[PDB]
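Asker: pasting the first bit of my complex, frame unchanged:
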Amino acid sequence: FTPXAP
Amino acid sequence: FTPXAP
Amino acid sequence: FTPXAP
Amino acid sequence: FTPXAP
Amino acid sequence: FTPXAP
Amino acid sequence: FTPXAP
Amino acid sequence: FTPXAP
Amino acid sequence: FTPXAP
Amino acid sequence: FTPXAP
Amino acid sequence: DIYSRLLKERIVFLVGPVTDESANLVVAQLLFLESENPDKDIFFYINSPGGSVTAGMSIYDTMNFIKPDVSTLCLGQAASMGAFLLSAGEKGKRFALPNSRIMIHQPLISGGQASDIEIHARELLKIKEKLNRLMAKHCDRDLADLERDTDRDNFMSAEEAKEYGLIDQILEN
Amino acid sequence: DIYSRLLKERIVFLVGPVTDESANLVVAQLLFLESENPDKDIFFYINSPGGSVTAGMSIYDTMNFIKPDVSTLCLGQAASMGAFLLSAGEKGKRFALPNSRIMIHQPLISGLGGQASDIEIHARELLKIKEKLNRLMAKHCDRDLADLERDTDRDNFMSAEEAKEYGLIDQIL
Amino acid sequence: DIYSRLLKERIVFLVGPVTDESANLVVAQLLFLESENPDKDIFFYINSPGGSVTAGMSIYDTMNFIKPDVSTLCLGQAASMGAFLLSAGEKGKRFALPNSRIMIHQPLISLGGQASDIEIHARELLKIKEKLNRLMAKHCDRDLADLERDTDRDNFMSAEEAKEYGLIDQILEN
Amino acid sequence: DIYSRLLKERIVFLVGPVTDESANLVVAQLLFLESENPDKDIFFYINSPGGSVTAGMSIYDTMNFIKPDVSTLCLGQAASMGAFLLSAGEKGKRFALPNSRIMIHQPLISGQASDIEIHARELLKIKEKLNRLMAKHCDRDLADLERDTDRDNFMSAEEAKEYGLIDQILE
Amino acid sequence: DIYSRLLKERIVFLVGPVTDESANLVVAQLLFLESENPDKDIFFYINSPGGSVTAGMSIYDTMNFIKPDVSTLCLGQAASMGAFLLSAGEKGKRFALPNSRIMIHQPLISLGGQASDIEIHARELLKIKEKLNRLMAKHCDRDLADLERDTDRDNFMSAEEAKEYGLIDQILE
Amino acid sequence: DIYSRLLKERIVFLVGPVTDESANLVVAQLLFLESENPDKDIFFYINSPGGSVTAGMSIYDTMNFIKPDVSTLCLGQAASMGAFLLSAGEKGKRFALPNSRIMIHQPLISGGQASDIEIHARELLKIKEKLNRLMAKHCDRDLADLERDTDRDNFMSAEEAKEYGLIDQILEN
Amino acid sequence: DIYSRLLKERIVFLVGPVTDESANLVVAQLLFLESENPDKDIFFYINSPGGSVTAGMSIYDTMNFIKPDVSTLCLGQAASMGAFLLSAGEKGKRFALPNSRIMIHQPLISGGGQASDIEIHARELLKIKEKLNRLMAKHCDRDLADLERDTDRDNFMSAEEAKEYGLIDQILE
Amino acid sequence: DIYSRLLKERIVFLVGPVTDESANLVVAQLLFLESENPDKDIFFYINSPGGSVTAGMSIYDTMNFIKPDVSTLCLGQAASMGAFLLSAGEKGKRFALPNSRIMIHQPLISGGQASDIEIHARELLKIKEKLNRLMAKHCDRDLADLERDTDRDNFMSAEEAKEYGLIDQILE
Amino acid sequence: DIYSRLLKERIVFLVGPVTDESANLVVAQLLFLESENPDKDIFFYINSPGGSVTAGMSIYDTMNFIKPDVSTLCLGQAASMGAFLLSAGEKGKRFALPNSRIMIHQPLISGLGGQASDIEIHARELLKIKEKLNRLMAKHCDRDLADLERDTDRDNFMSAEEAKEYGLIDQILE
């Protein structure tokens, strides 16, 4: 899950 | 059952 | 059962 | 059971 | 069963 | 099983 | 779990 | 199991 | 388990 | 009750499977009815799929031992040990209802050591031959007929049972 | 004890499955009511899902053998052998209540069998039972054998009005 | 009931398995019939596949203790302890119906735990086996070796074979 | 009924397992038979494989409490608590039939270490009580019954008479 | 029957588990005996392994409410609620047979859903524990700390230990 | 593995019941070996009690379709469909070990409406007749021989099987 | 494989119930990722219905001990211990997907012995209940009393309600 | 692994019940070992309580068909068909360990029409007669001997099996 | 896999019940780590609800026999034999995570068996096991044997603070 996690 | 039994 | 018992 | 109960 | 009980 | 199979 | 194990 | 098998 | 097993 | 009161008319029932309990209840009623009058016919009404050979034999020997004739009548069905008992009635007084069914077959089973299985197999084959012989007597036929015709389940209509020698008369409306 | 007050009025009930036990209870009452009066009607009330073909046949043959007319009345439902016995009442005296249900079908088995020979034997017996039941019910309904063969192929549910049209009952109370 | 009316004629039934409860019902009736008349025979009708040894011994010992002769009759079958009680009737008064069946065999079981306990129970079972063979040999007027040989496995007998063996005295005919 | 007629002759039966229910029926008949006549003997016929030790103890204490002597007779078998009750009859009046069987054995069973100790301690107390009382019945020592019930002890009528558990074998 | 004749001597039995069914059967007999004569002692014979605490309380409160003294006697055993009821007899009239056994222990179950519900039932179980320990301490004229110690685990007692403990008054030879 | 090394020499095994899975495993190996060399014989080793007639027919049709001769060999036993496949080997190349067992019998199974039971009974009898005819061909016997001899379970030694026509040679020590 | 490929990007999964196996597998991956690079955040993806409290606590304490920030992200659902671990992520880096669901509740048992033992375990369960409320109040920056009210029964929360409550920081695109 | 390392020295194991697959694994190894060298002895180690008679017969016929002598050795126990296969080793090359146990007994079983029960009972007695006769030859005794001595469970020490003729030599 | 990479750093896990299988798996790793270097500490991570006394005793003796100091760490929980083994680590190197719980109690059995003599035997063995564990764990905790006798009478749940106060661990890790 980027951005932001990662 | 008559006649004949009985 | 006679004769003979009884 | 007597005596004593009854 | 006598004799002897009863 | 030879002879004969094979 | 260092420090200290290890 | 030797001797003797084998 | 040494000494002595082994 | 009412089975009571049919018993008062010298009618005995066998309904459902032949077991040690069904048999000794039937045997007791036979002994009682002979006691009340050893010279009047008794009427053995059968609606049974079969059951224990030894229990059926206990009824059978009782039917033959007492003085009164044991008339048999099949209502619903008489199969295996039940058909055996039906055929055991006094000859001339074995009856069936028009849509009754009869079935006959060789013995059936639902052992440990080979020696023990050998023993119980002989006992089963002795039973098969005894039953085939007796029913050949009941039907006035050859043992070979009964041997051939009990090999598998043999369903008979009331008219086929009368031809076979298994009953004497089909009762009519 | 309520059931005996109805039996004194010559009402016999069949409630629940047709089994050897329930069947023979009905037969005993039929025989009992005839002895008390061979000249008055008997009223056979049926609320049953069906049951054993042979056990029902013992009821059927008794209904046809005795001197009294056996009137039949359906309350709740009459299915399979239950419907068969309903259609077997004296013609003109087969009744159903307005919300009664009738259902007819060919025979069926829960399970079966072991060897191909044995399964063949029991297939034939079951097809014989099927043809007999269709023939008899074709007569009860004053209908063609071809009609009943068509109409029992699968489960056939009928209202009281559908059953009266069919010939299976006579009128609705 | 009708079974009550059979007791008025001094007939007692054993139908089905020999259990503590069926046994004591028979024992009580034997004491009762003796109470009513110590001088008339009693008639013990047997149709049983067998059952408990100890329950059978309780019936057996009562048959032997009372003054009245206990006549025995087999209808259907008498197997294992049922045949034992059949053979135990007063000699001359043991009967079977023409198609009755008799079976005799050594004790059977279906065991427990430690080797000590199993030796104890095997030894008890052999004592039971030997007692039953000795008593049966006496009832049949045969050698213990006959009953030892002939009970090794299930031994099924027709009524005529049972009379030949010494277990019954007469077959009752049509 | 047949059993009512036997009770009229002061015969009480224990047939089958010793349970609270079978025990209290015997206890009821004992108190009743004493009520009917405290001066005639009672005859306790036993055919039992054993059962509850506590339930048997209720029969035992009742046998010892009432005025009438309670004669015991074993028919079929008297095992475990059944043998205990057999040996508890009035000495001189404990009988067995010729082919009766007597069996005696130590107690048998089929949480926390503390709870396990407690029940072990109670089981050994029950074992010791039964061995002691039966030694008293046989006029032998506690050590005797401890040795002879260590595993299952099957006895004929003559072995039971020799042991002191019965007095006489009926012809 | 036999139990009928014992009741006319004002003897009531509790044999087996303490259930709602056995307890109210005891309560009914206690009321009936008081009804026939409110001034003669009642004799409560107990052979029980224990059972429902709530059902036991219904017997207990009945024993304490009625006019007659309820003597208790232990034969065989009195364990858990059975021992509670035994100790509940009229003081001076609580007896045991020489080889009777008494057992007392803290409550036991065989919880639960949410922690709040478990807290509630845990607290309710401890109130039951303390209530029975407090009441029994009064029966025995001992301190609650004594009963807490001695019911912590199963406490088996001979009749002599029970009399020494204060749980019965006197042992009948 | 070692079984892979046996396939390397054109040996295919059927061990245990013939099921769709085991049958198709044999089929895959037969096609595979023919792919590797359509001109060398294949050796089909059979130790099987039988199973699915359908799965066996899948093996059978594959044996007859491929170019290579499929020699069959029985070790242990070949019963029902196992015996069928054994007898189906190339004539002159069907072998059994000295203490092998062969058994042949008519089809056996262990349904619903009378129509459905008739349908399946008729299908089972076609299977019986088909299996009898094919095996009559395999053994060079009259169809009446197989109809007679498969009526019930027919256990055969290797010499009884060689004489029957089901195998050709018995391999010897 | 694929889950091993997510681990190279420092993604750790907790999928399904929290048990001793899944917990220490998560712990092992957390220790592993820290050794490889103690300075990069770790991303703990949670889709879990809850599970063992002690097993979840080992994950939790591992999350707090290691040097890397542990971001938590809810996909699918985070219930009971799953919600606890989700809220335990590094403040500022706790995420949920738009249709994620969060649920929090007091401890629960499915299904003891003596009142002393029941009390001890009830006391243990209430300690766990109180510990869980306090830690979750710290995670959510709320008063202990809020969480005591809000875990009393099952508390289902949308992703928006979860961030409003303080349980996550950020709902992704 | 170790069991294949034992196979390199021409050692074959039968451990546990005799089933179609434990049997066909043994048959496959026997054919393999003969393939590797048709002229060296094979050593068949047996620790088995028994099992399928037909499954055992396939091993038995394989032992007798292949060219190599099959030496047998009992460790732990050889019972029923396990005792059968033990006795079937090359005479002079059947061994047991000192505390081995041998057991022999007649066949035993755990159905339909009387005609069908007769067929299966007769087949059971033929199997009984075949096993007794074959084992009588292995022991240089008679069929009647084996009928007497398998009538019930017959447990034998290693020393009793050598006296009986089922093994040749106890290894110590 | 990851667990072998943890073994390279001389970490041994015990996760779940202590069984003959898990115990000998741990024992092999302890002997292996000693073989690779007898002079570096070993780290025994424990998350276990307990299990078999003999299987745990097998791990215990290996910890005491080998030359390396065996540090123990509790994560999740260490209950019964798990708590015993935690307390068995080298003094000064027994650790717990902040929210770990330790539980100690006397032995317990599922459910007993045979004759009264046999039950006496097994009760006696059980009380011997009970006393040995109380004696040994008091030594691990540097307490009076009487303290452990009182405190394991029933299930004794401890927080990490409580386990350190009790003497079962040396230090809580943060």
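Answerer: Now that the structure is in, tell me what you want to look at. Numbers count the residues shown, from 1 in each chain, chains lettered A, B, ... in the order given.
Asker: Okay, and the residue nearest to residue J:116 when sequence neighbours are not counted sits in which element?
Answerer: For residue J:116, ignoring the flanking residues on the chain, the nearest one in space by CB to CB, 6 or more residues apart in numbering or on different chains is residue L:153 at 6.0 Å. For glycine as for every other residue, the C-beta is placed from the backbone atoms N, C-alpha and C. According to DSSP states H and E, residue L:153 maps onto no helix or strand at all.
Asker: and residue L:153, what is it in contact with?
Answerer: J:115-116, J:119, L:105 (CB atoms under 8 Å, 6 or more residues apart in numbering or on different chains).
Asker: Tell me the one among those nearest to residue B:3.
Answerer: residue J:119 (49.9 Å; CB to CB).
Asker: Alpha carbons of stretch J:155-168, as CSV, please.
Answerer: Once non-C-alpha atoms are left out, stretch J:155-168 reads as follows in CSV (Å, rounded to 0.1, in the frame of the first residue of the first chain):
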residue,chain,number,x,y,z
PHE,J,155,-41.9,-63.9,-4.8
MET,J,156,-45.3,-65.6,-5.4
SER,J,157,-48.7,-64.1,-5.8
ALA,J,158,-51.6,-65.8,-4.0
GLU,J,159,-52.5,-67.8,-7.2
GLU,J,160,-48.8,-68.8,-7.7
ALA,J,161,-48.6,-70.0,-4.0
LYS,J,162,-51.7,-72.1,-4.4
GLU,J,163,-50.3,-73.7,-7.6
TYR,J,164,-47.1,-74.3,-5.8
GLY,J,165,-48.8,-76.3,-3.1
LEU,J,166,-48.0,-73.7,-0.5
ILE,J,167,-51.6,-72.7,0.3
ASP,J,168,-54.9,-74.4,-0.4
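Asker: and which of the contacts of residue L:153 is nearest residue B:5?
Answerer: Looking across these and measuring by CB to CB, the closest to residue B:5 is residue J:119, at 42.4 Å.
Asker: Relative to chain F, how far out is the closest one?
Answerer: 40 Å (CB to the nearest CB, to the nearest Å).
Asker: And residue J:112, by the same measure?
Answerer: In terms of CB to the nearest CB, residue J:112 sits 36 Å off from chain F.
Asker: next one: residue J:113
Answerer: According to CB to the nearest CB, residue J:113 stands 34 Å off from chain F.
Asker: put chain S on too:
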Amino acid sequence: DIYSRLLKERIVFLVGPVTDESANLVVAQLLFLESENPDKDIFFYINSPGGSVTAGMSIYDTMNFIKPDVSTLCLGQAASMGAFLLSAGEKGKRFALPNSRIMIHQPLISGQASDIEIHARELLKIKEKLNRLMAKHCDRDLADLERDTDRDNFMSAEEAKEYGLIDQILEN
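Answerer: Putting chain S together with the chains above:
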């Protein structure tokens, strides 16, 4: 696996019940280890509650047949056939860990009177055999072992050495 590395130091394990299956693995490893070097000791680590008598006997005879001394060590427990095998190690090379436990007892278990007698006799033969052999292992009188195995007999390590069942307790 590490267990192979224990095998390279000539360590053989028996963990859990003694079965035909676990027993023959132990037997196979012993034979392999003799093959690798018949002059170096083998160290048999035992943690077992017992199991099959015949399966244990197959291990037993293998310990006695192979040339290398088989040292035994009890860790955790050695009960029934496990204690038997422990006691069978080379005299002077039977060890126990300080808190291991040993238990010995007479044989235990889980038709026709003739069949029950046959199995009762075989059970008593096994009992007497085990008692005699254990007397030889422990240098004791047969009367000791008959009395001392009548019921379950639990022994600490110090008691097992005193009994003659092991020789030395490992202390470090």
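Asker: so, the contacts of residue L:153 revisited with chain S in the model?
Answerer: J:115-116, J:119, L:105, S:112.
Asker: Now distance to residue D:6 too, for those residues, in JSON lines please.
Answerer: Shown next, in JSON lines, are those (distance: CB to CB, whole Å):
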{"residue": "J:115", "distance to residue D:6": "67"}
{"residue": "J:116", "distance to residue D:6": "63"}
{"residue": "J:119", "distance to residue D:6": "65"}
{"residue": "L:105", "distance to residue D:6": "56"}
{"residue": "S:112", "distance to residue D:6": "57"}
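Asker: Out of those residues, which is nearest to chain N?
Answerer: Proximity of these to chain N (CB to the nearest CB) peaks at residue S:112, which lies at 40.4 Å.
Asker: Name whatever forms a beta bridge with the closest one.
Answerer: Judged by DSSP bridges, the bridge partners of residue S:112 are residue L:108.
Asker: Now whichever residue of chain J sits closest to chain R. Its backbone dihedrals?
Answerer: Nearest residue of chain J to chain R (CB to the nearest CB) works out as residue J:112 at 28.9 Å. Phi and psi for residue J:112, reported as degrees, to the nearest 10, are phi -100, psi -80.
Asker: and the residue of chain J nearest chain P?
Answerer: For chain J, CB to the nearest CB, closest residue to chain P: residue J:110, 41.9 Å.
Asker: Distance of that residue relative to chain G?
Answerer: According to CB to the nearest CB, residue J:110 and chain G sit 67 Å apart.
Asker: Tell me which residue of chain J lies closest to chain G.
Answerer: Going by CB to the nearest CB, chain G is nearest to residue J:112 of chain J, at 63.3 Å.
Asker: which residue is nearest the centroid of chain J?
Answerer: Geometric centre of chain J, nearest residue: residue J:85, 1.1 Å, by CA atoms, centre = their mean.
Asker: ok, so of the contacts of residue L:153, who is nearest residue E:6?
Answerer: Nearest to residue E:6 among the contacts of residue L:153: residue L:105, at 38.2 Å, using CB to CB.
Asker: shouldn't that closest one be in contact with residue L:157?
Answerer: No. Taking CB atoms under 8 Å as the definition, residue L:105 is not a contact partner of residue L:157, at 11.4 Å.
Asker: about what we covered before: how near is the residue of chain J closest to chain P to residue Q:111?
Answerer: 8 Å (CB to CB, to the nearest Å).
Asker: add chain T to the structure above, sequence below:
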Amino acid sequence: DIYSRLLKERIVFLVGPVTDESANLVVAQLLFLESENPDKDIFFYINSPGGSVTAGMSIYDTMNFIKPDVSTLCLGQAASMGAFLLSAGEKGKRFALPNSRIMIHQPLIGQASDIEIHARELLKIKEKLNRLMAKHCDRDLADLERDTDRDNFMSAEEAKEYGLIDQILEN
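Answerer: Alright, chain T goes in next:
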């Protein structure tokens, strides 16, 4: 293996029930395919009878989060949460095979307080599912409240008219 070769072409399968385990496998493959190339479409083949709503929501939120268009295709059937995910494909790129079957329905599954809570939670799920699928189908919410009231079986063509798929793939 064969499923590995299908993933190389950016095909992910969902076959059988939607569980936490199968759902996370699809989520992982979605994340993997995007990282391999965020600019090529992904093809989601669905043959599922349904399953866990939360587990399906996990896939759904991933489908909407990642950059690539997620094409969906029904083969065999797409029922319950499977139908939800089918309808969730990138619009214009939702496909079905000619004899596929689509079924849509409402969600289906202590103390009264606890039962109220879960009834309320189930009703939220029902309303969310109807609202989202109405958006997926470009239909009015009342249609979905009516048409998911009981099991609603749809052919591929009824599904295309409903707004649930875009194309039926021809032959």
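Asker: What about the contacts of residue L:153 again, now that chain T is present?
Answerer: Residue L:153 makes contacts with J:115-116, J:119, L:105, S:112, as judged by CB under 8 Å, 6+ apart.
Asker: ok, now with 7 Å
Answerer: J:115-116, J:119, L:105 (CB atoms under 7 Å, 6 or more residues apart in numbering or on different chains).
Asker: Tell me the residue of chain J that sits nearest chain M?
Answerer: For chain J, CB to the nearest CB, closest residue to chain M: residue J:28, 18.1 Å.
Asker: And that residue, how far from residue L:105?
Answerer: 29 Å.
Asker: same question, residue J:38
Answerer: Using CB to CB, residue J:38 is found at 39 Å from residue L:105.
Asker: again with residue J:101
Answerer: 39 Å.
Asker: Please apply the same query to residue J:141.
Answerer: Counting by CB to CB, the gap from residue J:141 to residue L:105 is 37 Å.
Asker: can you check residue J:70 too?
Answerer: Separation of residue J:70 from residue L:105 (CB to CB): 34 Å.
Asker: Can you give me the distance of residue J:165 to chain K?
Answerer: 21 Å.
Asker: Ignore what I typed, I meant residue J:93.
Answerer: Separation of residue J:93 from chain K (CB to the nearest CB) stands at 17 Å.
Asker: just residue J:92 next, same as before
Answerer: Where chain K is concerned, residue J:92 sits at a distance of 20 Å (CB to the nearest CB).
Asker: Likewise for residue J:89?
Answerer: Taken as CB to the nearest CB, the span from residue J:89 to chain K is 18 Å.
Asker: and what of residue J:20?
Answerer: 18 Å.
Asker: do you know how far that residue is from residue N:53?
Answerer: 48 Å.
Asker: How about residue J:44?
Answerer: 61 Å.
Asker: ditto for residue J:100
Answerer: Using CB to CB, residue J:100 is found at 64 Å from residue N:53.
Asker: do the same with residue J:94
Answerer: 69 Å.
Asker: got it, and residue J:126?
Answerer: For residue J:126, the distance to residue N:53 - CB to CB - is 65 Å.
Asker: do the same with residue J:64
Answerer: Residue J:64 is 67 Å from residue N:53, by CB to CB.
Asker: Residue J:31 now?
Answerer: Distance of residue J:31 to residue N:53, given as CB to CB: 58 Å.
Asker: Repeat that for residue J:165.
Answerer: Taken as CB to CB, the span from residue J:165 to residue N:53 is 75 Å.
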